[PDB]
Every structure is written in structure tokens, then in C-alpha cells.
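Structure 1 and structure 2 below are the same protein chain in two forms, each given by itself as C-alpha cells.
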Structure 1
């Protein structure tokens, strides 16, 4: 008979582990040749769909989440190498550090506060819709410095709020032990998205 404390603890452990794994994948990524990046990104989107938007009998398991962390780490390499090339590695490290303390603080606040933040879920989803939209727009019509910078500020705010919300709902919602992997996956996505936004912002700012 698990308790909520143990469930949250296990979720956070898996989260940390996905961080380490994604880091291994990121390291691995510097030897991954281009054109494999496309099918890997495709696999990434398909896995996101299978895990979140597809009414399945059984929820996503540990193998799924850890594999995703690996591949995701690999695929965030061009982003990292790019911004490191124009801003330097220390900026990447500082962005990771920033993401880290933001996640720790906002996560602790979300998890330990008594209010139920289950009302802004629609607002948050809407925000993510916007960010994804301008993100796709960026592919066909690349944004300038100021624009990408603004997009990064908004992204930062949004995903920070999403971290707060997610830990809050992990505390408040009825989370069974079979949802542990997909919750940890959610925290991973929060982290990675915040990180990409911060890295983009400071990376551009330092060039």
C-alpha cells in the first residue's frame, strides 16, 4: 500500500534518472550524423502522441520513458551545439543551472501549496498552443533576434508556470503507481522545454 509521499518520491527519482539518461543521449549526439535527426524527431513526436493523446488501455511504462529520454537527449544536440558555437559553453551551463533552480523552486512551491491550481490547465494548454504555433511558423518563416528573444521570454514564463502546476497536481490529483512513468515524463518535458527557452534567450542575448 503506497502512500502519496512515496509515489511523489518515486516520480521525482525517475525524473532525475531521465535527466541523466538524456544527458548521456546528448553526449552521444555529437557523433550522430545529420539526416538521422529527422526520423528521430519524427519518432519523438509519435511517442508523445502515443503517450498523451491516444486513449490506451495501459499507461506508458518505464522502458518507454527512459528510451524517450535517450532519444530526446540525442535530438537536442543541434540546438545546444548551435548556441554554444555562437555564445560559448558556459552559457549552456548557466542555462542548465538556471533551469535547475527554477524547477527546484517552482516545483517545491507547487508541491507544497494547499491551493488547487487545476483551473489554469486550459489557460496553460492555450499558451503552449501559441508557443507551438509560432514555433512551427519559425520553420518556414525564421524569426529575427528580437522576435525569437520575446518568444523565449514567453516560453520561459509559460513552462515555469507549467512546472508549478504539474507538481501541484501531482500533489492534488489521484496518481496511482502505474502513472509514475508518464508523470515523470511530463516533468522531463517541462524541464527540457524550459531549458530550450532559456538557452535560446541567453544564447541570443550573448551574441
Structure 2
């Protein structure tokens, strides 16, 4: 018989694994020819849209989640290589480091706080959809550095709040063991989208 503790620890374990796998994918992605990479603007907004689309009460399997992490990791190399090329490779470390402790702190607080943050669900959905709209607009009408930085700050706030909210709902809601991959998948999409926002922000800022 599972407890709230074990289910949490299992979700977090799968989440850590999605990061490790994605990192392997990222490493592999450096070998993809330039002529076979998707446009930066397309890849960036794609992760936002997926973050929304994967957020369903549908039990997905470990196979999907782990394969998703591997393939998405590969496709995020053009994003990493771009902002590294305009601000130095060190900004990737900066972005990752900043994403890590934000997730670690906000994740812990959300998972430990007594307040039920369930009321944020609709607000957060609208916000992510709003980021998707701007992300799509960017494809056909490229925003400047100033606007893109403002976009990154909003995106940072939205996904930071989602991390707090997600860990909070894992504690408060009724999560069964068949929901473990989809809960971890959301945490993974939180991390990556927060990482992309910070990478873009600090990359543009140091350019």
C-alpha cells in the first residue's frame, strides 16, 4: 500500500531520470547537421504548447515519458547552441544553475506548504496559452530583444509558479501510481520551459 510520501518520491525519481535522459539527448543533438535543425522560434514555442497539451488527466506510460525526454532533449540543442553563440557557452551553465535552485526551492515550498493552491489552475492555464500565442506571433513577426526579454521574464514567472503549484497539487490531490509518469512529465516540462526562458533572458542580456 503506497503512501503520499512514496508516490511523491517515485514521481521525483522519474523526474530526475527525465532530466538525465534529456541531457543525453542534448549531447546527441550536437551532431545533427545545421540543415536538419528546426527554426529557433518554432522549437521554443513548441515546448510551451507541449507543456499545455501534456497536462491532461490521462495516464501515460513510462515508455512515452522517457522517450519524450530523449527526443525533446535532442531538439533543444539548436536553442542552447544559439544563445551560447551570442553570449558565450557559460550562459548555458548560468541558465541551468538558476533553473535548478528555483525548481529545488519552489518545489520544496509547494510540496511542504499547508495552503491548497488548487485555485490557480485556471489562471495558470490561461497564462501558458498566452505565452503560446506570443510564441506563435514571434514566428511570423519576430519580436525585438527588449520585447523578447520581457517575454522571458513573464515566462519565468509563469513556470516558476507552475513548479510551486505542481508539487503542491501532488501533495493535496489524489494521485495514484498509474498517474506517476504524467505527473513527472509535467515537472519535466516545467523545468525545460523555465530553462528555455532563463537561457533566452540571460543570453539576450549578455549579447
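Shifts are known only where both forms have a C-alpha. Residue numbers count along the first chain shown, from 1. Only the largest set of C-alpha atoms that superpose within 1.5 Å between the two forms is called the rigid core.
Asks: Might you check 143, 153, 42, 28 and identify the only one whose CA position changes by 2 Å or more between structures 1 and 2 on rigid-core superposition?
Replies: If I go through the list carefully, the shifting residue is 42.
Asks: Rigid core superposed, CA of residue 51 - does it shift 2 Å or more between structures 1 and 2?
Replies: True for residue 51: a C-alpha shift of 2 Å or more.
Asks: Taking the rigid core as fixed, quantify in angstrom how much the C-alpha of residue 165 shifts between structures 1 and 2.
Replies: Here residue 165 registers a C-alpha shift of 0.2 Å.
Asks: Once you lay the two forms on top of each other by their rigid core, how far has the C-alpha of residue 129 moved between structures 1 and 2, in Å?
Replies: Once the two forms are fitted on their core, the shift reads 1.0 Å.
Asks: Fitted on the core, where are the consecutive stretches (at least 3 residues) whose C-alpha atoms all shift 2 Å or more between structures 1 and 2?
Replies: CA shift run, sole hit: 33 to 58.
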